[PDB]
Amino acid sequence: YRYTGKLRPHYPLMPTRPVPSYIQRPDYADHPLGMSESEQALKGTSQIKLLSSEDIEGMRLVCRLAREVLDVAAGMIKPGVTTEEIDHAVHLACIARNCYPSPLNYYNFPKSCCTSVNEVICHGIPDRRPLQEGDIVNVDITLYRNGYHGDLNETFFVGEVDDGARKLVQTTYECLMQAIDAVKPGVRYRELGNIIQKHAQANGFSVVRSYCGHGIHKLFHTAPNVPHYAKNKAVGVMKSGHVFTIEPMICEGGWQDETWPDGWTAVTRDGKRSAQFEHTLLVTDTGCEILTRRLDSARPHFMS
């Protein structure tokens, strides 16, 4: 394997972390390959669930707890902290909230959250690498509570970063928020990618094609697919009661990704940096409710 930049995995990984049996588990938690039979039963349907009153409450709850966990991880981002240490804090914070960390054993994903540094696009595996001054690091949190998943992420700065990092991160965050601003009943899912690419391109950046936002609720990933690039052929039209993520990954260089020999870590083929933000949204009559927003602060963590 020829690495595409300077990042390397730092092994060994700590043994899988157990989750106490009192915490309610998703179906894939105990499947030996991490397969979700409730997602597989739905494999090739385009049908989007219309959430009940009760579903919305379950989503509001899990997404708020998820935000709380992401904020814990935010507090830990500094030079010399390892991504495994961040993941341990996350795993304990989920447990404190009587939540299962949804990534844990999801298709045999080995950790409780994803930590993506610099050229990693997404799905990096927490490991022994200490964060370095100048890094940009994304923490991607997903929680499972009472049958519902809530999924969000942010990119953070590790100490002082260069100007390119500041611009990449800022534009990525703008991309997500312009897409969120367009959400409202009657809009097609395929439109969001147009908005995203239009803004990333205006700032000299590209859009990852190989990973999409997605419906989420009782399933971790389900219809609609939500591509982030222009002229995609995504199916479906937003209606009040739809819940899904938007989670654009934007890159300094070209859009092409490849995966590490670990089968998870996705990286730019050119080794240039990539940044991401994600929220879980519910479509309402006036537009949308950002279920994973901050409640107590105006801005994402990187702005402060």
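From 1 onward, residues are counted along the sequence shown.
Relative to its counterpart among 276 to 284 and 17 to 25, 17 to 25 has the higher mean temperature factor, C-alpha atoms as listed in the PDB entry. The question of which stretch, 106 to 114 or 161 to 169, has the higher mean Cα B factor is settled in favour of 161 to 169. Note on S210, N138, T142, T83: the highest value goes to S210, judged by CA B factor as recorded.
Listed residues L65, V235, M249, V267 were ranked by CA B-factor as deposited; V235 comes out on top. Ranked against the other modelled residues of its chain, the C-alpha B-factor of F244 as given in the entry falls in the lowest third. Among all modelled residues in its chain, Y148 ranks in the middle third by Cα B-factor. Among all modelled residues in this chain, the alpha-carbon of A230 has a temperature factor (C-alpha) in the highest third. Annotation for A73: CA B-factor lies in the middle third of the chain's modelled residues. When the CA B factors of the chain's modelled residues are split into thirds, the value for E133 lands in the highest one.
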